[PDB]
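Here is what each chain is made of, one letter per residue.
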Amino acid sequence: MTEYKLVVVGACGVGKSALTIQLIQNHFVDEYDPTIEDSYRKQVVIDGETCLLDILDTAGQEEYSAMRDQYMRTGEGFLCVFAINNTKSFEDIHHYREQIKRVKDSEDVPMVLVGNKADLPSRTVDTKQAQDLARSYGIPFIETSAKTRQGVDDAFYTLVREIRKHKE
Ligand SMILES: *CCC(=O)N1CC2(CCN(c3nc4c(c(-c5cc(O)cc6ccccc56)c3F)C[C@H]3C[C@@H]4C3(C)C)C2)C1
Ligand SMILES: Nc1nc2c(ncn2[C@@H]2O[C@H](COP(=O)(O)OP(=O)(O)O)[C@@H](O)[C@H]2O)c(=O)[nH]1
Ligand SMILES: [Mg+2]
């Protein structure tokens, strides 16, 4: 079967681990150690294709390193996650997109913008502002809740479809 290597990136606390564990293990984690960086795998069917999702949930220190560049470079697509109630996490996205372009040495890398925690009140990032950003990047934007499951499959499956488009 076809393997898709996905990498989940974004600020501490946006829900990278919760999104990954909801997709792979079908449950919402109320807490997940922010030092646990690992890959999680699941066989799924997307548009009739049986495939293996190989998802790297990034964690540890906010730092640049050749060591990290080496394994991040293996990613075929990037899920760029911010939390809709954390303006700083939205502002951070630019730094992730720029480093993805650097490590992949390309202006054309499969990417999806994800606004997580859609279930929470008191949002600080307007959906239309995130939609405008995604339009400016030429990538899809999906609002998700790792808690309720809203948009979770759509976010990961859309990234798989972006990877297929790049492979042509
Ligand atoms: C609370 C812990 C947690 O969940 N964290 C996510 C993070 C670990 C990794 N992550 C991170 N932050 C940034 C950058 C990268 C990054 C670094 C590389 O060397 C290579 C690549 C390649 C693609 C995407 C991202 C990277 C990173 F993994 C780069 C800039 C954005 C910040 C940055 C300012 C260092 C944070 C802690
Ligand atoms: N209400 C709500 N809480 C969430 C959601 N996603 C993550 N969380 C919570 O936010 C915190 C940070 O999530 P985590 O997955 O550890 O974020 P990470 O640091 O990006 O891996 C945890 O307490 C999660 O339970 C969500 O969609 N909705
Ligand atoms: Mg985590």
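Residues numbered from 1 in each chain as written, not as in the entry; some residues may be left out. Chains lettered and ligands numbered in written order. Heavy atoms only, no water.

- For this coordinate set, the PDB header names X-ray crystallography as the determination method and states a resolution of 1.18 Å.

## What to know about the site of ligand 2
- Surrounding ligand 2, one finds 19 residues, the nearest of these being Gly13, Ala18, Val29, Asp30 and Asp119.
- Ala18 places a polar main-chain atom, nitrogen or oxygen, 2.7 Å from an oxygen atom of ligand 2.
- Here a nitrogen atom of ligand 2 sits 3.1 Å away from a polar atom, N or O, in the side chain of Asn116.
- Relative to its free-state accessible area of 570 Å², ligand 2 is covered by the protein chains to the extent of 85%. (Near = heavy atom within 4 Å. Polar contact = N/O pair within 3.5 Å; in protein donor to acceptor, adjacent residues only side chain to side chain. Areas by Shrake-Rupley, 256 points an atom, 1.4 Å probe, with all protein chains shown as cover.)

## What to know about the pattern of salt bridges
- A complete count under the given rule lists 11 salt bridges for this structure.
- Across the pair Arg161 and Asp47 runs a salt bridge whose closest N-O atoms are separated by 2.8 Å. With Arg161 in helix α5 (residues 152–167) and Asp47 in the loop between β2 (38–46) and β3 (49–57), this pair connects stretches of sequence that are 114 residues apart.
- For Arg161, a relative accessible area of 33% corresponds to the partly exposed category.
- A relative accessible area of 53% places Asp47 in the exposed class.
- One network of salt bridges, in which partners are shared, links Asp47, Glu49, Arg161 and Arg164. (Salt bridge = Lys/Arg side-chain N within 4 Å of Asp/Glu carboxyl O. Helix = DSSP H or I, 4+ residues; strand = E, 2+ residues; numbered from the N terminus. Buried < 20%, exposed > 50% of the residue type's maximum accessible area, 1.4 Å probe, protein only.)

## A closer look at helix α1 (residues 16–25)
- Burial within α1 is extensive, with nine of its 10 residues counted as buried.
- Those residues of α1 not exposed but buried are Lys16, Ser17, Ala18, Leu19, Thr20, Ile21, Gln22, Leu23 and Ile24.
- Structurally, α1 contributes buried residues whose contacts are with β1 (2–9), β2, β3, β4 (77–83), β5 (111–116) and α5.
- Looking at the residues trailing α1, positive phi occurs at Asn26, about 70°. (Contact = heavy atoms within 4.5 Å.)

## With respect to the environment of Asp69
- Inspection of the secondary structure puts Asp69 in helix α2 (residues 66–72).
- The spacing of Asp69 and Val103 is 34 residues in sequence and 6.0 Å in space, taken between C-alpha atoms.
- Residues in contact with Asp69, not counting those within four places in the same chain, are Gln99 and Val103.
- At 3.1 Å, the side chain of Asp69 and the side chain of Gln99 are in polar contact.

## Side note on the site of ligand 1
- Close to ligand 1 lie 20 residues, the nearest being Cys12, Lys16, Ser65, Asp69 and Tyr96.
- Contacts to ligand 1 include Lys16, whose side-chain N or O atom sits 2.9 Å from an oxygen atom.
- Contact distances for ligand 1 include 3.3 Å between an oxygen atom and a backbone N or O atom of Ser65.
- Within the complex, the protein chains bury 94% of what would otherwise be the 730 Å² of accessible surface of ligand 1.

## Describing the sheet that holds β4
- Spatial ordering of the open sheet is given by β2-β3-β1-β4-β5-β6, a layout of six strands whose pairing is mixed. Strand pairing shows two members of the sheet lacking a second neighbour, β2 and β6 (141–143), which therefore form its edges. Between one strand axis and the next, the sheet turns through 25° on average, direction left out of account.
- With six bridges connecting them, β4 and β5 associate as parallel partners. The residue bridging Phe78 from the neighbouring strand is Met111, located in β5.
- Against the sheet, helix α3 (residues 87–104) makes contact with β1, β4 and β5, and its axis sits at roughly 165° relative to β4, the strand it touches most.
- With respect to the sheet, α5 is in contact with β1, β2, β3, β4, β5 and β6, its orientation differing from that of β1 by roughly 120°. (Pairing = 2+ DSSP bridges. Axes fitted to C-alpha atoms, helices over the stretch in contact; angles between N-to-C directions.)

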